[PDB]
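A quick note on method: Cβ atoms are made from the backbone with ideal geometry, for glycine too, and the neighbour counts reach across all protein chains shown. Please treat every number below as a calculation from the coordinates, not as lab data.
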Amino acid sequence: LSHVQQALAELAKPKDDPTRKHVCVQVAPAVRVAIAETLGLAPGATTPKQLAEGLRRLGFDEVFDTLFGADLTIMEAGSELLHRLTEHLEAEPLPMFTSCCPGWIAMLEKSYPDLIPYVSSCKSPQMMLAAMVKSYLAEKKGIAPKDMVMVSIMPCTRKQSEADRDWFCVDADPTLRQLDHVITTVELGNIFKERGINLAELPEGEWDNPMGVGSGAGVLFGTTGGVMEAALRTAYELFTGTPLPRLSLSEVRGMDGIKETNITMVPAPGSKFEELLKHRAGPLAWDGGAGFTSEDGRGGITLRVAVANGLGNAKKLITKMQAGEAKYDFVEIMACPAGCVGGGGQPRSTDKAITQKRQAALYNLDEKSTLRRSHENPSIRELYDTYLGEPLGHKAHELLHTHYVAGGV
Ligand code: SF4
Ligand SMILES: [Cl-]
Ligand code: NA
């Protein structure tokens, strides 16, 4: 009856049982780093492939990395940000708010419904991957979507409410969910312990590529800095023709839980963006944007970015934004004070710095030194080229975008 119980019941069916479904799991990075703590070990003390092996030992037919879903979110959100910028340069409002945290989306709908048009229409990484699995991958494997079960392992006690939004379903049948069951880090750790599975003693397993062909997880080596940063990078690099380094946000004096950075953007020589800047020179009192110019006319825009952690802190930021005392163009609100590594589904620790330890072990040092870019991922390129079309296009909109409901759902 619980979602854990339903998922385990699907796995309990022998693989050759005529009523067996194709049971898929996707795993968030915050889960991978914290799951070792369920054994009393340090964050990161078990490897990603040990976790993949453990999941395969529970009976999962596919084991996916949610980072594949995040590459889709980066493609869509980066394009969406650049589109809003483009529309505003040529005279879907700015500022844009990210949409990946369901705690934020719940507060948005209930308490700030007038802000709905400013929020990204992107689904979350877990929902984009789920939508893809029950469309593209089902078709590829010749499996009816109703015979697919999608489970996510999340650090978050709110991701089931996200998955349960009614229209996240296949062909307007609300009982055919894109994402069926969410299991938290601690629930999964309990499942392993109840079965005598010790992740730390497992051999390395393998990931499956959600494209259904090829080796590995379908995500390239390296790190992005997360969906918000990589969406910014996508827009910035197209706008300027120059690389965006890893960001370092600074604390905002006088506002708890708020960090910021300003990103100066000069359009690439000969680009449409350069043309737009030169030729064409609501609830949130947006100031028409920050810009700069030089004596010879090489002008640019300055993108003002904020991240709010904690919903109380976000409410204070929104108050200041409405007052015009805080001026931002792109804002990420996450409900958890420490972000997802400190989510409500994570192990409890006496270590006041456990979330710092989780963040540090979240990706290895070799991968942290390497910046990767979602649009360079051959699996992502193939999916757009042969199935989705263009970011923000009709098919991408259908599978990967969503809407919001004033008053909540
Ligand atoms: S910040 Fe917290 S509530 Fe929001 S997605 Fe992450 S774990 Fe869930
Ligand atoms: Cl997600
Ligand atoms: Na594989």
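Per DSSP helix of 4 or more residues, -39500 (n - 2.57); summed, then divided by the residues of the chain. What does that give at 222 nm, rounded to the nearest 500?
-10000 deg cm²/dmol, from helical runs alone.
Provide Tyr328, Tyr363, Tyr384 in ascending order of the number of other Cβ atoms located within 10 Å of each residue's Cβ, fewest first.
Fewest-to-most ranking of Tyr328, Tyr363, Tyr384: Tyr384, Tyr363, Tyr328.
With a/c under 1.5 counting as rounded, go ahead and sort segment 10-72 into rounded, prolate or oblate using the C-alpha gyration tensor (a ≥ b ≥ c being the square roots of the eigenvalues; past the cut-off, prolate if a/b is larger than b/c, else oblate).
Here segment 10-72 falls in the oblate category.
One-quarter of the Cα convex hull surface for the chain, in nm²?
Projected area, direction-averaged: 20.8 nm².
Kindly put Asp16, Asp385, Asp208 in sequence by how many other C-beta atoms sit within 10 Å of each C-beta, fewest to most.
Fewest-to-most Cβ neighbours within 10 Å comes out as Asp16, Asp385, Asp208.
What does the charge dipole of segment 33-178 about its Cα centre add up to, to the nearest 20 debye, if the Cβ of each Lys and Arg holds +1 and the Cβ of each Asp and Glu holds -1?
Value, rounded to 20: 520 debye.
Using packing as a proxy for protection, rank 131-138, 92-99, 25-32 so that the peptide with the highest average count of other Cβ atoms within 10 Å comes first.
Highest-to-lowest ranking by the protection proxy: 25-32, 131-138, 92-99.
Placing +1 on the Cβ of each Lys and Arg and -1 on the Cβ of each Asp and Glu in the chain, which of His375, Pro113, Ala91 has its Cα farthest towards the positive end of the resulting dipole?
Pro113
Please go through the residue pairs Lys316/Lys357; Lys320/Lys357; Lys13/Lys352; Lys110/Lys259; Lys278/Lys368; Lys193/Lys395 and name each one whose alpha carbons sit more than 30 Å apart in this structure.
Cα-Cα > 30 Å for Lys320/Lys357; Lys13/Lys352; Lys278/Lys368; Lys193/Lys395; rest within.
Could you point to the residue in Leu277, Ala308, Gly288 farthest towards the positive end of segment 252-344's charge dipole, with +1 and -1 charges on the Cβ of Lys/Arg and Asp/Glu respectively?
Projecting each Cα onto the dipole axis, the largest value belongs to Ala308.
Please state the charge dipole magnitude for the chain, taken about the Cα centre, from unit charges on C-beta atoms (+1 on K and R, -1 on D and E), reported in debye and rounded to the nearest 20.
Using Cβ point charges on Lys, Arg, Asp and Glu, the chain gives about 840 debye.
Going by the alpha-carbon gyration tensor, a ≥ b ≥ c the square roots of its eigenvalues, is segment 208-303 rounded (a/c under 1.5) or, if a/c is not under 1.5, prolate (a/b greater than b/c) versus oblate?
oblate
For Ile74, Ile105, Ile258, which order do you get if you count the other beta carbons within 10 Å of each Cβ and list the fewest first?
By the 10 Å Cβ count, ascending: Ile258, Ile105, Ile74.
Charges at C-beta only: +1 for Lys and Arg, -1 for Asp and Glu. How large is the resulting dipole of segment 277-409 about its Cα centre, in Debye rounded to 20?
My answer is approximately 500 debye.
Please name whichever of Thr175, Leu199, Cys156 sits farthest to the positive end of the charge dipole of segment 155-209, dipole taken about the Cα centre and charges placed at Cβ: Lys and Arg +1, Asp and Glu -1.
Farthest along the dipole direction, towards plus: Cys156.
Below 12 angstrom from the Cβ of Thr185, what's the summed charge of the other residues (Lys, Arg +1; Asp, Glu -1)?
For residues surrounding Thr185, the net value is +2.
If you take the square roots of the eigenvalues of the alpha-carbon gyration tensor of segment 322-409 and sort them as a ≥ b ≥ c, do you get rounded (a/c under 1.5), prolate (a/b over b/c) or oblate?
Oblate.
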